[PDB]
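Structure first, then comments.
Don't worry about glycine lacking a Cβ; one is built from the backbone with ideal geometry, like all the others, and counts go over all protein chains shown. Just so it is clear, none of the values below were taken in a lab; they were calculated from the coordinates.
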Amino acid sequence: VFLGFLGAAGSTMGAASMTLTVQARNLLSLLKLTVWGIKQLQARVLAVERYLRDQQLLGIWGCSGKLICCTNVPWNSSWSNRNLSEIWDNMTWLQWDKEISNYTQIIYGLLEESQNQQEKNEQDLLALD
Amino acid sequence: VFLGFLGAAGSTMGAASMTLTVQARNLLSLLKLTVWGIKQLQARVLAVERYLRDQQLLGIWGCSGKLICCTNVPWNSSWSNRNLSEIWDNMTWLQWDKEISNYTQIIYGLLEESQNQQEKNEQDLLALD
Amino acid sequence: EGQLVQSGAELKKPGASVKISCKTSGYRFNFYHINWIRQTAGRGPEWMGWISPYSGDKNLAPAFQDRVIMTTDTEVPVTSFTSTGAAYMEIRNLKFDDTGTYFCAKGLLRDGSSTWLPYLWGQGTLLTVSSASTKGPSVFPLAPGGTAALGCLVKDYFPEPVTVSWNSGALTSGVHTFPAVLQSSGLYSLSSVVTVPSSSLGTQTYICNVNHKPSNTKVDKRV
Amino acid sequence: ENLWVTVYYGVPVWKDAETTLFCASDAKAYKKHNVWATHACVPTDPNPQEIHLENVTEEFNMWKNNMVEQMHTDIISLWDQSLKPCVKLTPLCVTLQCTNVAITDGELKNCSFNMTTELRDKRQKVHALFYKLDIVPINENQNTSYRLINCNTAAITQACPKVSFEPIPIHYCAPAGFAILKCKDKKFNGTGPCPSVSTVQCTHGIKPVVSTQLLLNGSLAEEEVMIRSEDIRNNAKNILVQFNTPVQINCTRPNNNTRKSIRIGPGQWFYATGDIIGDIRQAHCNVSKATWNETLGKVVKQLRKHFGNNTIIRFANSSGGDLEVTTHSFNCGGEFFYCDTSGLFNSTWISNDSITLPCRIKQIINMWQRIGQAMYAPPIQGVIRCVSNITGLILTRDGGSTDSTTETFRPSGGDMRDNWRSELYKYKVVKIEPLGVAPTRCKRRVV
Ligand SMILES: *[C@@H]1O[C@H](CO)[C@@H](O[C@@H]2O[C@H](CO)[C@@H](O[C@@H]3O[C@H](CO[C@H]4O[C@H](CO[C@H]5O[C@H](CO)[C@@H](O)[C@H](O)[C@@H]5O)[C@@H](O)[C@H](O)[C@@H]4O)[C@@H](O)[C@H](O[C@H]4O[C@H](CO)[C@@H](O)[C@H](O)[C@@H]4O[C@H]4O[C@H](CO)[C@@H](O)[C@H](O)[C@@H]4O[C@H]4O[C@H](CO)[C@@H](O)[C@H](O)[C@@H]4O)[C@@H]3O)[C@H](O)[C@H]2NC(C)=O)[C@H](O)[C@H]1NC(C)=O
Ligand SMILES: *[C@@H]1O[C@H](CO)[C@@H](O[C@@H]2O[C@H](CO)[C@@H](O[C@@H]3O[C@H](CO[C@H]4O[C@H](CO[C@H]5O[C@H](CO)[C@@H](O)[C@H](O)[C@@H]5O)[C@@H](O)[C@H](O[C@H]5O[C@H](CO)[C@@H](O)[C@H](O)[C@@H]5O)[C@@H]4O)[C@@H](O)[C@H](O[C@H]4O[C@H](CO)[C@@H](O)[C@H](O)[C@@H]4O)[C@@H]3O)[C@H](O)[C@H]2NC(C)=O)[C@H](O)[C@H]1NC(C)=O
Ligand SMILES: *[C@@H]1O[C@H](CO)[C@@H](O[C@@H]2O[C@H](CO)[C@@H](O[C@@H]3O[C@H](CO)[C@@H](O)[C@H](O[C@H]4O[C@H](CO)[C@@H](O)[C@H](O)[C@@H]4O)[C@@H]3O)[C@H](O)[C@H]2NC(C)=O)[C@H](O)[C@H]1NC(C)=O
Ligand SMILES: *[C@@H]1O[C@H](CO)[C@@H](O[C@@H]2O[C@H](CO)[C@@H](O[C@@H]3O[C@H](CO)[C@@H](O)[C@H](O)[C@@H]3O)[C@H](O)[C@H]2NC(C)=O)[C@H](O)[C@H]1NC(C)=O
Ligand SMILES: *[C@@H]1O[C@H](CO)[C@@H](O[C@@H]2O[C@H](CO)[C@@H](O)[C@H](O)[C@H]2NC(C)=O)[C@H](O)[C@H]1NC(C)=O
Ligand SMILES: *[C@@H]1O[C@H](CO)[C@@H](O[C@@H]2O[C@H](CO)[C@@H](O)[C@H](O)[C@H]2NC(C)=O)[C@H](O)[C@H]1NC(C)=O
Ligand SMILES: *[C@@H]1O[C@H](CO)[C@@H](O[C@@H]2O[C@H](CO)[C@@H](O)[C@H](O)[C@H]2NC(C)=O)[C@H](O)[C@H]1NC(C)=O
Ligand SMILES: *[C@@H]1O[C@H](CO)[C@@H](O)[C@H](O)[C@H]1NC(C)=O
Ligand SMILES: *[C@@H]1O[C@H](CO)[C@@H](O)[C@H](O)[C@H]1NC(C)=O
Ligand SMILES: *[C@@H]1O[C@H](CO)[C@@H](O)[C@H](O)[C@H]1NC(C)=O
Ligand SMILES: *[C@@H]1O[C@H](CO)[C@@H](O)[C@H](O)[C@H]1NC(C)=O
Ligand SMILES: *[C@@H]1O[C@H](CO)[C@@H](O)[C@H](O)[C@H]1NC(C)=O
């Protein structure tokens, strides 16, 4: 069942989490000095710049290849106190992003440091023998 | 044994499949308003745009890191009826791409949906305990 | 999906030499070995050798290593994936037991454990080795549910083969050509018959066209 | 027996595509600013890589090639980019009163006329020599006041004196993800399947020699001479010829001209011709009759291969068009020559005495069918002499209802693109599609 790009924007987070491929596809795809040419070329560079930034974050979180990745960071209750059923079956990703947009930067920092910067050194010392 | 970029374009698919690294390397690598400058800059943006699109498809198929990846999609016989020896030891990737270029879009859709959109949710429910 | 067409039948005297050709189309001639196999009544089917149009490597069976010469021409491209070509086999020191049918055959795969294996075969070339001279045939008429049968008799010819058509190839339905007989004299004879409705005498004229290329003779007989 | 699709990234697969190529030229150091090399073309790699593709056979079509169309628009756009900053001779359309240069029973004329000075209020009278072609009489009744040929149609701009018109080798490169396929078949005709194919990132050193009728400084066909056309049966389509042996042609302007720098405004400088010093001789090119007769005979042999092993093959001079298409036009040291080729195409074929060609010069030109902008080629000081290679030709049949008894061939220069096709016949642009899906007995681990 496909609704299209951003079709599940008003659905529950659990329902929207099933069609992440839909947003992933349409997320990247004599004189040429015309006002349109300058706009187009600058628009194309802006699109690949935003895409590479999100893929950069997935890279430093060790989640490059996957749309759903699990981490080692525990969920600090100060961010949100809501239970799983209330989060995934009562909220949309929009109002969720609004409730957690406040602590997103802190969470992103813990996400790159806590695991993948610790995980890689421990991976070398483990496969060291 | 290296022949160079696209050296195995006339070889059997099995022989060409051995030197995929060769195509992978050379696949990406007062006023500057000269006709050459506008062409160059627009050419450079075109190269990274095509590269990121193919890497995007590998990402949504869960095959980002690898040149050879196996999937869960079974080979529907309507696409091609040829046996393995006839495909890999009698055909080149060119004439293969011509025989299957017809159903490529359908195959790409099954490739992103059938596994990696199903695989990631089942991966969360499996590592859930 | 390509066809291999070999040269016509030839009659040669023992001790002479003969060169058979094998023209190819519908596939990349350069990508497949061309094998040569013969069949005689005394030894059955016998593989002679193959040659690679790409590299020129040849492999001849020891029984023909000293009497068979295999060569190939360069492919004339048609499209990116197909071309036309030609392979040749020159056999010398012919003997009476070398009389038989010769085939050229395209290999199976470009790569693998059985690349050269003959897969696509030609129509065959009939080689007769004899001290006897060529003799053209004599064609005689075979006089005729409401159905009837008529044909033409090809008597005393040498050597094989003889081809028969009807109305310059316009008449193909109901045609029945019988294998040749081997007389005690050493000459062959065969018959060809066609079945037609008996009422079709006022609208159809049946012409049998006999071609004996070894004697370079054609006969168009009205039945 | 259970087959599954598997993704391969890097499969040698390509498709015909047209993309935006860019420039690449060696590191030539120096005067400079030559239009084509520009301030900056990507310097050629110290070592190019030509990779032969075994077993590959690709279809080529030099007539539907998009590299030609791109190069054409690149030369045109490069020309305008070099004329924009130079001095525009809008005030040089003053009425000219011209007299003969003495002599009894005149290509150039001595012209006097008033031209503005640095100060707006002041004016100046100056005398400068001109060629007959650049001027027309303003009366036709007739009196004898002349004017520039372009003043009636389009404005005019003076080519800067520093930029040079000498073609230098230019390599056309394709961006990453695309590739160029070079046909290395010696006997390769116009179009068709090329058995021997190789791949390169940039083409060879192609000099953008603008010529007509005769192809100069091009690349010589290997083995036999090549006869390339889009439709030999159709007379309307031109005929490209490529020599295996180059013929030599010497063009000179014996006149010892002089440059007269007359200021026509604040900063603006106009460079007029200064009275000639020495004898008055007209420009002309020489060609060895032995080599040309030999080279022309080798052409008729390949011509009969398409018009019957025996037939009447004659040669006549251009009988269509005027100006550019009727004369072997080209550039040489900065002066634009226009030669009569009737002496070269004046034979009939069936079954050291060097030829000389008359060449006239112009300084006002409208190349590539340009409508709206003319250019004034500043005079070149001293004697001019350039030795060039005549590697190719551009012919055309006369047509008609002749019962194939005789065939006539005349030169022509219908289009400037045919010059680029003479060097881009072997190249082709394709895009690499490295995503291939094939079935194998492999399955992903459910884990
Ligand atoms: C097909 O291909 C053919 C093969 O190349 C082409 O044949 C070419 O034809 C062109 C002409 O169309 C020739 O170009 C001109 O050649 C002139 C003769 O060259 C002589 O002098 C050479 C000088 O030697 C120097 O360079 C050589 C190079 O190797 C070097 O070894 C040596 O050590 C020395 O450094 C000599 O080597 C030759 O053998 C000859 O004897 C040459 O004079 C021309 O130069 C002019 O003109 C060009 C373009 O107009 C300018 O770019 C130059 O800068 C130079 O202009 C300056 O000098 C002029 C001299 O009178 C002045 O009149 C100018 O005003 C200008 O002076 C100003 O600038 C100077 C520099 O900034 C200042 O110092 C001054 O003060 C002024 O401000 C020109 O090169 C090619 O040579 C010839 N090819 C070959 C191989 O010979 C054929 O044309 C092609 N056909 C087509 C249709 O394209
Ligand atoms: C471009 O396309 C062409 C055509 O499609 C393609 O050429 C084919 O390439 C494939 C694979 O490379 C070839 O298939 C392989 O062929 C191998 C060679 O066959 C051997 O046997 C020949 C006969 O030897 C007998 O006779 C000689 C006397 O002549 C006698 O002394 C010997 O003792 C023996 O009795 C022999 O002539 C031949 O020699 C050539 O090859 C060697 C290199 O091996 C070279 O050094 C020689 O100078 C000569 O050129 C050769 O020795 C064969 O070994 C091979 O089988 C092994 O490998 C496969 C894996 O591929 C294994 O599965 C198998 O179990 C064996 O271990 C295989 O059969 C095919 O024959 C070519 N020709 C065709 C198809 O027509 C190019 O490769 C393509 N190239 C590109 C870049 O695309
Ligand atoms: C005017 O036309 C003449 C016609 O011959 C032309 O002379 C030839 O120029 C070519 C270069 O375009 C010369 O060929 C090269 O010569 C050098 C020095 O000997 C060699 O190092 C080169 O070797 C290689 O490159 C070849 C391709 O050019 C390859 O085929 C080969 O495998 C090597 O890699 C190359 O042979 C040639 O020698 C001259 N001819 C003579 C008789 O000297 C001349 O250049 C033209 N003039 C202009 C201004 O273009
Ligand atoms: C083109 O026409 C101009 C006239 O506008 C010619 O200029 C004049 O040429 C004569 C030569 O017949 C010069 O006479 C000489 O004048 C100098 C002055 O210094 C004097 O010293 C000499 O003894 C001699 O009398 C005249 O000066 C000159 N006028 C100007 C204004 O320069 C020009 O020669 C003509 N050129 C051609 C190629 O026809
Ligand atoms: C160049 O050679 C090719 C041969 O490969 C010619 O292509 C054939 O041309 C004939 C008529 O000239 C057609 O009947 C064939 O159908 C063409 N074959 C293919 C595969 O296209 C081509 O015409 C030649 N070009 C010139 C200008 O002579
Ligand atoms: C073209 O004419 C100029 C004169 O304008 C000649 O240049 C002179 O050459 C002589 C050598 O005989 C020198 O003594 C002068 O100083 C030079 N004067 C100038 C202004 O250059 C030049 O030699 C002539 N060239 C030809 C080929 O005749
Ligand atoms: C064009 O000019 C060149 C050189 O200016 C001529 O080549 C000369 O040919 C003679 C033979 O007649 C030789 O003795 C010289 O050594 C050559 N000089 C050079 C520099 O190669 C060529 O013959 C001229 N061609 C014509 C048609 O006049
Ligand atoms: C978001 O954070 C700001 C600053 O801490 C706070 O004032 C605001 O109430 C918060 N709103 C949310 C997260 O609902
Ligand atoms: C490709 O698909 C089209 C449309 O279904 C069909 O007409 C054509 O025959 C096919 N050719 C192939 C895949 O060989
Ligand atoms: C040149 O200018 C003078 C003064 O303005 C004028 O009298 C004369 O007629 C002009 N001559 C020409 C040929 O333009
Ligand atoms: C062509 O040749 C004729 C001679 O038959 C001559 O009169 C005419 O001027 C020439 N024209 C051109 C453009 O060469
Ligand atoms: C052609 O050659 C002939 C014979 O030498 C000569 O009479 C005639 O003037 C030439 N014509 C041209 C246009 O060169």
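Details
- Measuring between their Cα centroids, region D:60-109 and region D:378-447 lie 25 Å from each other.
- Between copies, the label points at A:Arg50 (set 7 angstrom from Cα along Cα-to-Cβ) are spaced 2.6 nm, reported in nanometres from shortest to longest.
- Approximate spin-label separation A:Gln40-C:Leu150, in nm, with each point projected 7 Å along Cα-to-Cβ: 7.6 nm
- Near C:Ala41, once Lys and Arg are set to +1 and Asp and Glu to -1 for all other residues with Cβ below 14 Å from its Cβ, the sum equals -1.
- Calculated mean residue ellipticity at 222 nm for chain D: -3000 deg cm²/dmol, from DSSP H runs with n ≥ 4 weighted as -39500 (n - 2.57), summed, divided by the residue count and rounded to 500.
- Listed by Cβ neighbour count within 10 Å, with the fewest neighbours leading, D:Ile180, D:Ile390 appear as D:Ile180, D:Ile390.
- Flagged links, alpha-carbon separation over 29 Å, of D:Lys182/D:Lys289; A:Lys32/D:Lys162; B:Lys39/D:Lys186; D:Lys186/D:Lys207; C:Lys23/D:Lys187: D:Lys182/D:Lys289; B:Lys39/D:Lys186
- Anisotropy class of region D:204-362 from Cα gyration tensor, a/c 1.5 cut: prolate
- On the basis of the beta-carbon distance and an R0 of 51 Å, C:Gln123 and A:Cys69 show a calculated FRET efficiency of 0.20.
- All-pairs Cα distance distribution in region D:133-185, expressed in whole percent, bin size 10 Å: 15, 22, 18, 17, 15, 9, 3
- Shape parameters for the protein assembly as shown, alpha-carbon atoms, Rg then Dmax in Å: 39.1, 126
- Gyration tensor analysis over the Cα atoms of chain D returns equivalent ellipsoid semi-axes of 47, 31, 18 Å (largest first, whole Å).
- Between D:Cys160 and C:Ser199, the simple spin-label model (points 7 angstrom out along Cα→Cβ) gives 9.6 nm.
- Reported value for chain B: 195 Å³ per residue, from the convex hull of its C-alpha atoms.
- Residues in region B:41-49 carry Karplus couplings, in order, of 4, 5, 5, 5, 5, 5, 5, 5, 6 Hz; the curve used is 6.51 cos²θ - 1.76 cosθ + 1.60 with θ = phi - 60°, and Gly or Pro positions show x.
- Rounded if a/c under 1.5, otherwise prolate or oblate - region A:1-56, Cα gyration tensor axes: prolate
- Here the Kirkwood formula, the inverse mean of 1/r across different C-alpha pairs, assigns region D:176-287 a hydrodynamic radius of 19.2 Å.
- The ranking of D:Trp79, C:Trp47, A:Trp75, C:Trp121 from fewest to most other beta carbons within 10 Å of each one's beta carbon is A:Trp75, C:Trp121, C:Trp47, D:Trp79.
- For the listed residue pairs B:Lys66/D:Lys443; B:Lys66/D:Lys184; C:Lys106/D:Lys443, the alpha carbons are over 25 angstrom apart in B:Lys66/D:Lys184; C:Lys106/D:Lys443.
- For the protein assembly as shown, the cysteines with no partner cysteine C-beta closer than 4.7 Å are A:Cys70.
- Along principal axes, Cα extents of region C:132-223, largest first, whole Å: 46, 24, 17
- Too-long pairs where the Cα-Cα distance tops 24 Å, listed order kept, from D:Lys15/D:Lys305; D:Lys31/D:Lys88; C:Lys95/C:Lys213: D:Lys15/D:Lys305
- Reach of D:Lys109 by Cα under 19 Å, taken over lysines that are not fewer than 8 positions away in the same chain: D:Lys125, D:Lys132, D:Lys260, D:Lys362
- Modelled FRET efficiency - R0 22 Å, A:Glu86 with D:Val447, Cβ distances, 0.05 increments: 0.10
- Using equal-weight Cα scatterers in the Debye expression, the normalised intensity of region C:1-139 in log10 at q = 0.10, 0.14 Å⁻¹ is -0.34, -0.64.
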